[PDB]
Amino acid sequence: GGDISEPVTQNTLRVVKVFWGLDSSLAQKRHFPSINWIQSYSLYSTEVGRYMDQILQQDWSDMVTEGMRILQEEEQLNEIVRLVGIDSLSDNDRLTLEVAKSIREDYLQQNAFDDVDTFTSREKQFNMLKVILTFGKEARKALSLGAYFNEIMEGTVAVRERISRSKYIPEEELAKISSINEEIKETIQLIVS
Amino acid sequence: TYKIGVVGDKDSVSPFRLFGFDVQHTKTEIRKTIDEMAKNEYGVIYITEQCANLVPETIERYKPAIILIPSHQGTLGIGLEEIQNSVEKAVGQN
Amino acid sequence: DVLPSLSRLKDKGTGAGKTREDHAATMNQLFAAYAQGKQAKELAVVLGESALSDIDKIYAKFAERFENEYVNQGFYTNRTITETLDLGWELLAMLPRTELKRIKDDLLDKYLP
Amino acid sequence: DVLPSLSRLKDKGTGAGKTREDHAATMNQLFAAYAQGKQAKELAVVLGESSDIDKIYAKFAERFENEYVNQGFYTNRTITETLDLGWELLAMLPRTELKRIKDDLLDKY
Amino acid sequence: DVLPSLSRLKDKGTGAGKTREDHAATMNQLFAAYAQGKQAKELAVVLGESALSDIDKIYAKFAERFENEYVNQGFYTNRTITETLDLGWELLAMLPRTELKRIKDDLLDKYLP
Amino acid sequence: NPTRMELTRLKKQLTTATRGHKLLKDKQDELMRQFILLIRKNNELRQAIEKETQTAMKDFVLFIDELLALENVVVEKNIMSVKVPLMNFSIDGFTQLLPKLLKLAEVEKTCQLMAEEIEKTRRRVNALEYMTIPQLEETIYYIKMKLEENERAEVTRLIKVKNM
């Protein structure tokens, strides 16, 4: 029944440090691979975090942690939407959900049967997540400068569609992903004006 | 016993002073006046839609009775939009 | 209920020379439009009909026809694969072509009624 | 999780000339405040943020988890530092609500 | 607790000759008003005293008195059937004629105080 | 945790919570109907008073500071469960506006107060519908299963001990 409380799963998780819990709800929703990002864990994340930061010379661990903070906050937000409705969340929280949305379907979701999407290099992964997080960072600053939520959304239709395609950018054209960062910064600042 | 306050441009809300209303005339200054009026236990606060358009988060907090009125130039349809919106979420149809 | 239903090996029995060249694309499109249609229907239940954008309203109407005319076929009624696929295109025509994002241009131009 | 946690030999190991005179009283008041604050948080997550006093307790429980319990695995606090920090959190509550602590300790700390 | 309690042979030891003619009818009536009054008490807790009608306030008071004066007789109180049936009528007297549906007007006019 | 006493108690809480859900949903509906009547009165009032006020203003715009220098003269009631205020107090143009302007305040406020109660009722309904009741349903199912499993395991062992 998918119930992980049974002895084989329990005994296994007693001696292994990684749990990729597959999820039936994700599989029905065509979210592949179907790994539950709230319940899954890797006890290697902190040591890997240090290795990644060091070999990349970027604050990758803090970006992974920020991305997960957003996903975790999304789960919190979703319970509130169920109770009051999405129109009752503040502009700040509306933004968080859109950024979370982007993480889910522009990053986590990956098509095993697509020539480009089937494998993502370590460098490509860093650029993708950086872009997704930059949008949220720049939009967040716009909100604190008096800009409203949908005004930001309505004027960033083209760049958000480009973020959502970045998973299909070939490995030798990675500059096309990193340059989205500048386009984000430009258009949002222009919207503030 | 409660007092009445009025917020808007001089040309529009001036004659209200004749009845002993607190008639006052940017997002920051309008928000300050409403807050003090609320703190002083005003019964009703009348305000032009052009001033109300600048302080939507302040008004939403108190929803004194904050009453949007027109100026001599007209409304922006805010008062009737607020009514329209509340109907949609309380009843489920127009 | 096609939402929780699945056939895992279906790719080996569909397409050109097995069924028809438009098989995989329309399946993906019908299924994805139906899921969105039913979602819009459930949204009308929880928040009212005034909660929906038009197109949400279009998708909702889509899911109705899909259930009543496509899935519902009768227990003594046999549809050829050609009849099934043709009927699929009729339902897809309700949607704006701009919304048929799961199907490439070459197939849309050839088959869409 | 301090609520289902326990020590059975804390009574005779604490107090004046062992830790400090305020030990037992503050421990009981903190436990009671945290249980009521944790209850109010759980209520606010289900019924919404908006009683006036329970809203104070909800903020207490938050500060308690984040600043008191959460200290880091390499942080070594003196008993004095721990008890003084406990008082900073009790200062969030109205004096009228501090019913586990007698007048002499309240006036002093 | 009379609601989950049952005697399956009760209709065989009651009525005229055996107890009194108004045995059966008052039993059905008391049972129904008791259940109704308990519902009313719960309604007051859920929705407030605001939501109670004037008839509802009575049923709530009926159930209160029913427990406290009818069921709660004491372990050393010996009530004759006559005394018991009479007490049932005094409690049913709280209700308007309109509410006492399970009692025919013939016997309602003979016993109702 | 999965005891038979918990099972019977949780089964009771489910019945109660289910009834409370129905009651609160009816209250929300009853509030909604009354709101519909008031909100339409609010709409008609606003449309009229907006036209009257702006017209009175346009007629005033078409020494004045000296004259405007030198007369300083809410009861609570219930709509079902809601606490609601009842309010009582070119120049002749503004003087005629006042009664209708105060009526606007009283009606518009009343609708705002009805709307808040509607939303607070709605949240309680949805908490029961999407959280409380399903949590009770899932727990009852769990206990029921676990009890069942252990009783089979118990009789299996007894038959083993029997043969010893």
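Observations on the structure shown:
By letter and in written order, the chains are A, B, C, D, E and F; residue numbering begins at 1 in each of them.
FYI, contacts are C-beta pairs under 8 Å (C-beta built on N, C-alpha and C of every residue); 3 or more make two chains touch, one makes a residue touch a chain.
Common neighbours of chain B and chain E, listed by label, are F. A rotation of 120° superposes the C-alpha trace of chain C on that of chain E, rounded to the nearest 5. When you average the Cα atoms of each chain and compare centres, the chain farthest from chain F turns out to be C. Closest to the protein's overall CA centre, chain by chain, comes F. Centre-to-centre separation between chain D and chain F, using Cα means, comes to 35 Å. Put simply, the C-alpha centre of chain A and that of chain E have 65 angstrom between them. The distance from the centre of chain A to the centre of chain B, with each centre set as the mean of the Cα atoms, comes to 42 Å.
Shared interface positions of chain E, i.e. residues touching 2 or more other chains, are not present.
Multi-chain contact residues of chain B (touching two or more other chains): 89, 91. In chain F, the positions touching at least two other chains are 119, 123, 127, 131. Residues of chain B touching chain F in their complex: 2, 11-12, 14-20, 43-44, 46, 63, 65, 67, 69-72, 74-75, 79-80, 83, 86-87, 89-91.
Within the complex formed with chain D, the residues of chain F that make contact are 120, 123-124, 127, 131. Chain contact summary for the complex, chain A toward chain C: residues 28, 85. The residues of chain F lying in touch with chain B in their complex are 32, 35-36, 39, 42-43, 46-47, 50, 53-54, 57-58, 60-61, 68, 71-74, 85, 87, 90-91, 94, 98, 101-102, 104-106, 108-109, 111-112, 114-116, 118-119.
The touching residues of chain F, counted against chain A in their complex, run 119, 122-123, 126-127, 130-131.
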